[PDB]
Amino acid sequence: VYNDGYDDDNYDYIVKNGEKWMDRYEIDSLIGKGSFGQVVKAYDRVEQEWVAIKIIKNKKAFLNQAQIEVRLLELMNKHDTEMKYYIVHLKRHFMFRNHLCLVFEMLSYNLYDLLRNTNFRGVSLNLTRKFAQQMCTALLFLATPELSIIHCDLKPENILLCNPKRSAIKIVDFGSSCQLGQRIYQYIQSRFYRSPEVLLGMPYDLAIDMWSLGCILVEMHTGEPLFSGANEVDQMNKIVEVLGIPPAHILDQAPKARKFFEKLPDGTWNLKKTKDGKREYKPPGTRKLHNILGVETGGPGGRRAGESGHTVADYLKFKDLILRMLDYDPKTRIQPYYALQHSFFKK
Ligand SMILES: COc1ccc2c3ccnc(C)c3n(CCCC(N)=O)c2c1
C-alpha cells in the first residue's frame, strides 16, 4: 500500500479522470509522464479557465527539487520584460494528498510532437528561424544577471507551442534548472543535447543551454538528432565525428578526459585506442554539417530542393550560427545577445 492507496509503486499519484480537487480543479486527463511526475489537464472552476497541473512525485528528493523549480519560476515571472513571456507561467502551487502540485497556463503540443507530425521530414528553415530567435531571446532573459538561470534540460519535448496553429513557443520543465552560483549536479542534460563540458565533468555555466539549442535547431530542420548517442562514450564520439577532437586546453583541465581520449607523448590528444581494427565512427571532423544540412544540395536529404526560403545563402548563415553555438570552448561559444544579431535573423 503506497500513500494510503493514492500512489502507485513509482511514487506517482494514481490519476483518476473526472476527479475534483479542493472543489476547484476538475481533472480531465493525463497529459504526460516524466521523472519529476505527471502533468494533467484540469479545469479551474474559480478562474474559469483550463490549466495544466504538474503533480510532483511523492518522494523527498523529487519534492525538494520541485521546490527549486518553484523558486526559479516565481523569480522569473516577477521580472517585468516581454522576454519573460517565453517561459511558461506558474499560476500557483499547493500540496494535495502529499504531492506538490504546480498549476501552469495551458499550452499546446511540443516541438517533438511537431516533428513527429511531419513524419520526421523536419520543419521549414523559416519556421526553424522563428524558433531560434525566440529561444535565443529566452536564453537572453535567463542570462540577465539577477537571474543567471541554467535550464539544464533543453530539448524538443521541453519547448511547447502556445497555439497549435501558431509559431509562438514557451520553455517548460525547469525542475532540473539551477542558478549560476548554485550548481548541485554533475550528470545533467538529456544525452543527445548534453554539452562537452558536462560530458567531461567540468564546471558549467549558461553556455550549456546554447549548446543544446544548437543541437535542437538542427534536429528541427533535419528531423533527426544531430548527436544521437546511446551512452556518454558514444555521445562524445558522435560529437567528435562532426567537430573533431576537443582542444587541448580543455582536455588538459577535464576530469573525465580519459574516459574518451588519451594524451600522446607530444602532448596532443587523440581518441582512446580501439582494439582489433574495429571501425565504428567517421574520422574526427569528417562528418560535415555542410552535408548534414544539404547546404548546396537542396536541404536535408534534398527534401527542400526548389523551395522558397531555402537558398544556399540562407543555409550558409544557418550553418555559421549553428557552428558558433556548437563551439567546444564555452568561453567563446556564442552568447544570446550576439546570436540575436547574427545575419541568419536579418530582416
Ligand atoms: C500542454 O500544456 C502544458 C503547460 C505547462 C507545462 C509544464 C510546466 C512544467 N513542466 C512541464 C514538464 C510542463 N508540461 C509538460 C507537457 C508534456 C507534453 N507532451 O505536452 C506542460 C504542458
# chains A, B, ... in the order shown; residues from 1 in each chain; ligands from 1
call {"tool": "residues_near_ligand", "arguments": {"ligand": "ligand 1", "cutoff": "7 Å", "atoms": "only C-alpha atoms and all ligand atoms", "output": "VMD selection string"}}
result
chain A and resid 31 to 32 39 52 54 88 104 to 110 157 to 158 172 to 174
call {"tool": "select_by_dssp", "arguments": {"residues": "region 117-194 of chain A", "states": "strand (DSSP E)", "output": "compact mmCIF listing (two decimals) with C-alpha atoms, in the first residue's frame"}}
result
# COMPACT_ATOMS: atom_id res chain seq x y z
CA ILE A 149 19.39 30.62 -14.63
CA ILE A 150 20.62 27.47 -16.38
CA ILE A 159 9.67 23.60 -25.94
CA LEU A 160 5.92 23.97 -26.42
CA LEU A 161 3.72 25.79 -28.88
CA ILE A 169 6.68 28.93 -28.12
CA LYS A 170 7.44 28.71 -24.40
CA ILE A 171 10.02 26.78 -22.34
CA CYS A 178 19.77 25.96 -11.32
CA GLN A 179 21.35 29.38 -10.89
call {"tool": "closest_atom_pairs", "arguments": {"of": "region 82-194 of chain A", "to": "region 230-235 of chain A", "cutoff": "12 Å", "atoms": "only C-alpha atoms", "output": "CSV"}}
result
residue,atom,partner,partner_atom,distance
A:187,CA,A:232,CA,10.2
A:188,CA,A:232,CA,11.5
A:189,CA,A:232,CA,11.6
A:190,CA,A:232,CA,10.6
A:191,CA,A:235,CA,7.1
A:192,CA,A:235,CA,7.1
A:193,CA,A:235,CA,9.4
A:194,CA,A:235,CA,8.5
call {"tool": "write_last_selection", "arguments": {"atoms": "N, CA and C atoms", "output": "short mmCIF file (atom, residue, chain, number, x, y, z; two decimals), in the first residue's frame"}}
result
data_model
loop_
_atom_site.label_atom_id
_atom_site.label_comp_id
_atom_site.auth_asym_id
_atom_site.auth_seq_id
_atom_site.Cartn_x
_atom_site.Cartn_y
_atom_site.Cartn_z
N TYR A 187 25.95 15.02 -13.57
CA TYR A 187 25.34 14.34 -14.72
C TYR A 187 24.01 15.02 -15.05
N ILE A 188 24.02 15.94 -16.00
CA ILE A 188 22.83 16.74 -16.34
C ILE A 188 22.62 16.87 -17.84
N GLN A 189 21.43 17.33 -18.22
CA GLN A 189 21.01 17.48 -19.61
C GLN A 189 20.69 16.13 -20.23
N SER A 190 19.78 16.12 -21.20
CA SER A 190 19.48 14.89 -21.92
C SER A 190 20.64 14.57 -22.86
N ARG A 191 21.00 13.28 -22.91
CA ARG A 191 22.25 12.88 -23.56
C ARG A 191 22.43 13.49 -24.94
N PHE A 192 21.41 13.41 -25.81
CA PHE A 192 21.58 13.94 -27.16
C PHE A 192 21.96 15.41 -27.14
N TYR A 193 21.54 16.13 -26.11
CA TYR A 193 21.70 17.57 -26.03
C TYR A 193 22.70 17.99 -24.96
N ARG A 194 23.49 17.03 -24.46
CA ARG A 194 24.47 17.30 -23.41
C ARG A 194 25.73 17.92 -23.99
#
call {"tool": "closest_atom_pairs", "arguments": {"of": "region 242-295 of chain A", "to": "region 208-229 of chain A", "cutoff": "10 Å", "atoms": "only C-alpha atoms", "output": "JSON lines"}}
result
{"residue": "A:242", "atom": "CA", "partner": "A:227", "partner_atom": "CA", "distance": 9.0}
{"residue": "A:289", "atom": "CA", "partner": "A:226", "partner_atom": "CA", "distance": 9.2}
{"residue": "A:292", "atom": "CA", "partner": "A:222", "partner_atom": "CA", "distance": 7.9}
{"residue": "A:293", "atom": "CA", "partner": "A:222", "partner_atom": "CA", "distance": 7.0}
{"residue": "A:294", "atom": "CA", "partner": "A:222", "partner_atom": "CA", "distance": 9.5}
call {"tool": "select_by_dssp", "arguments": {"residues": "region 155-288 of chain A", "states": "helix (DSSP H, G or I)", "output": "PyMOL selection string"}}
result
chain A and resi 156-158+191-193+196-199+207-222+232-243+248-251+257-260+275-277
call {"tool": "write_last_selection", "arguments": {"atoms": "N, CA and C atoms", "output": "short mmCIF file (atom, residue, chain, number, x, y, z; two decimals), in the first residue's frame"}}
result
data_model
loop_
_atom_site.label_atom_id
_atom_site.label_comp_id
_atom_site.auth_asym_id
_atom_site.auth_seq_id
_atom_site.Cartn_x
_atom_site.Cartn_y
_atom_site.Cartn_z
N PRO A 156 13.61 19.23 -27.59
CA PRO A 156 12.32 19.47 -28.25
C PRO A 156 11.11 19.29 -27.34
N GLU A 157 11.11 18.25 -26.50
CA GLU A 157 9.97 17.98 -25.63
C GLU A 157 9.69 19.11 -24.65
N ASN A 158 10.70 19.89 -24.28
CA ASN A 158 10.52 20.96 -23.30
C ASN A 158 10.29 22.33 -23.94
N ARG A 191 21.00 13.28 -22.91
CA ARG A 191 22.25 12.88 -23.56
C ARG A 191 22.43 13.49 -24.94
N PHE A 192 21.41 13.41 -25.81
CA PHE A 192 21.58 13.94 -27.16
C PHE A 192 21.96 15.41 -27.14
N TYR A 193 21.54 16.13 -26.11
CA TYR A 193 21.70 17.57 -26.03
C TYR A 193 22.70 17.99 -24.96
N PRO A 196 29.76 19.26 -24.19
CA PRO A 196 31.05 18.59 -23.91
C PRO A 196 31.57 18.84 -22.50
N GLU A 197 31.37 20.05 -21.96
CA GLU A 197 31.87 20.32 -20.61
C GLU A 197 31.20 19.43 -19.58
N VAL A 198 29.91 19.13 -19.77
CA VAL A 198 29.23 18.22 -18.85
C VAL A 198 29.70 16.79 -19.07
N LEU A 199 29.84 16.39 -20.34
CA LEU A 199 30.37 15.06 -20.63
C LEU A 199 31.76 14.87 -20.03
N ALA A 207 26.33 28.62 -20.82
CA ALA A 207 26.67 28.23 -22.18
C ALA A 207 26.14 26.86 -22.56
N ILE A 208 25.90 25.98 -21.58
CA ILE A 208 25.44 24.63 -21.90
C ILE A 208 24.07 24.67 -22.56
N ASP A 209 23.24 25.67 -22.22
CA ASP A 209 21.94 25.77 -22.87
C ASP A 209 22.08 26.18 -24.33
N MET A 210 23.08 26.99 -24.65
CA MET A 210 23.31 27.37 -26.04
C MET A 210 23.73 26.16 -26.87
N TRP A 211 24.52 25.26 -26.27
CA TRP A 211 24.88 24.02 -26.95
C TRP A 211 23.62 23.22 -27.29
N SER A 212 22.78 22.97 -26.29
CA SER A 212 21.55 22.23 -26.52
C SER A 212 20.72 22.87 -27.63
N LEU A 213 20.62 24.20 -27.61
CA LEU A 213 19.85 24.91 -28.62
C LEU A 213 20.37 24.60 -30.02
N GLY A 214 21.69 24.65 -30.20
CA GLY A 214 22.26 24.30 -31.49
C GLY A 214 21.85 22.91 -31.95
N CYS A 215 21.95 21.93 -31.05
CA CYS A 215 21.52 20.58 -31.38
C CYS A 215 20.04 20.56 -31.75
N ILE A 216 19.22 21.25 -30.96
CA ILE A 216 17.77 21.25 -31.20
C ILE A 216 17.45 21.83 -32.57
N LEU A 217 18.01 23.00 -32.88
CA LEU A 217 17.68 23.67 -34.13
C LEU A 217 17.99 22.79 -35.34
N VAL A 218 19.15 22.12 -35.33
CA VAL A 218 19.47 21.23 -36.44
C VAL A 218 18.46 20.09 -36.51
N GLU A 219 18.11 19.52 -35.36
CA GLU A 219 17.13 18.43 -35.35
C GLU A 219 15.78 18.91 -35.88
N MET A 220 15.39 20.13 -35.55
CA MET A 220 14.11 20.65 -36.00
C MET A 220 14.04 20.68 -37.53
N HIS A 221 15.14 21.05 -38.19
CA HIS A 221 15.10 21.16 -39.64
C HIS A 221 15.34 19.82 -40.33
N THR A 222 16.24 18.99 -39.80
CA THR A 222 16.54 17.71 -40.44
C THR A 222 15.57 16.60 -40.05
N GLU A 232 27.40 7.90 -22.89
CA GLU A 232 28.32 9.04 -22.91
C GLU A 232 29.47 8.82 -23.88
N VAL A 233 30.05 7.61 -23.90
CA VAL A 233 31.17 7.36 -24.81
C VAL A 233 30.71 7.49 -26.26
N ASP A 234 29.55 6.92 -26.58
CA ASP A 234 29.02 7.06 -27.93
C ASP A 234 28.70 8.51 -28.23
N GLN A 235 28.15 9.23 -27.25
CA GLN A 235 27.82 10.63 -27.44
C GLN A 235 29.05 11.45 -27.79
N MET A 236 30.12 11.32 -27.00
CA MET A 236 31.33 12.09 -27.27
C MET A 236 31.90 11.78 -28.65
N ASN A 237 31.94 10.49 -29.02
CA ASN A 237 32.47 10.12 -30.32
C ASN A 237 31.64 10.70 -31.46
N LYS A 238 30.32 10.75 -31.30
CA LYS A 238 29.47 11.33 -32.34
C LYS A 238 29.70 12.83 -32.47
N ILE A 239 30.00 13.50 -31.36
CA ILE A 239 30.35 14.91 -31.42
C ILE A 239 31.69 15.08 -32.14
N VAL A 240 32.65 14.20 -31.84
CA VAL A 240 33.97 14.27 -32.46
C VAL A 240 33.88 14.04 -33.96
N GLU A 241 32.95 13.18 -34.40
CA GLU A 241 32.79 12.95 -35.83
C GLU A 241 32.58 14.25 -36.58
N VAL A 242 31.88 15.20 -35.97
CA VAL A 242 31.50 16.44 -36.63
C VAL A 242 32.47 17.57 -36.32
N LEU A 243 32.88 17.71 -35.05
CA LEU A 243 33.66 18.86 -34.62
C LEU A 243 35.14 18.55 -34.39
N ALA A 248 43.16 21.00 -26.78
CA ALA A 248 43.99 20.51 -25.68
C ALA A 248 43.77 21.32 -24.41
N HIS A 249 43.63 22.64 -24.52
CA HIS A 249 43.49 23.45 -23.31
C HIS A 249 42.25 23.05 -22.52
N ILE A 250 41.24 22.49 -23.19
CA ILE A 250 40.06 22.00 -22.49
C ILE A 250 40.34 20.63 -21.88
N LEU A 251 40.79 19.67 -22.69
CA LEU A 251 41.04 18.32 -22.18
C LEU A 251 42.07 18.32 -21.05
N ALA A 257 38.45 13.44 -19.10
CA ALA A 257 39.06 13.39 -20.42
C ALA A 257 39.46 11.96 -20.80
N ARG A 258 40.01 11.21 -19.85
CA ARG A 258 40.50 9.87 -20.16
C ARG A 258 39.38 8.84 -20.23
N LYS A 259 38.12 9.25 -20.04
CA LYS A 259 37.01 8.35 -20.33
C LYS A 259 36.82 8.20 -21.83
N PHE A 260 37.22 9.21 -22.61
CA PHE A 260 37.07 9.21 -24.06
C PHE A 260 38.38 9.34 -24.83
N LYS A 275 40.42 -1.67 -30.11
CA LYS A 275 41.05 -2.96 -30.33
C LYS A 275 40.65 -3.61 -31.65
N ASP A 276 41.59 -4.38 -32.22
CA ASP A 276 41.34 -5.29 -33.33
C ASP A 276 40.83 -4.59 -34.59
N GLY A 277 41.27 -3.36 -34.83
CA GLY A 277 40.88 -2.70 -36.07
C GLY A 277 39.38 -2.59 -36.27
#
call {"tool": "residues_around", "arguments": {"residues": "region 344-346 of chain A", "least_positions_apart": "3", "cutoff": "8 Å", "atoms": "only C-alpha atoms", "output": "list in words"}}
result
residues 129, 133, 314, 317, 318, 321, 340 and 341 of chain A
call {"tool": "closest_residue", "arguments": {"among": "A:56, A:140, A:40, A:202", "to": "residue 99 (chain A)", "atoms": "only C-alpha atoms"}}
result
A:56
call {"tool": "residues_around", "arguments": {"residues": "residue 310 (chain A)", "least_positions_apart": "6", "cutoff": "8 Å", "atoms": "only C-alpha atoms", "output": "PyMOL selection string"}}
result
chain A and resi 125+298-299+304
call {"tool": "atom_distance", "arguments": {"atom1": "CA of residue 126 (chain A)", "atom2": "CA of residue 155 (chain A)"}}
result
19.4 Å
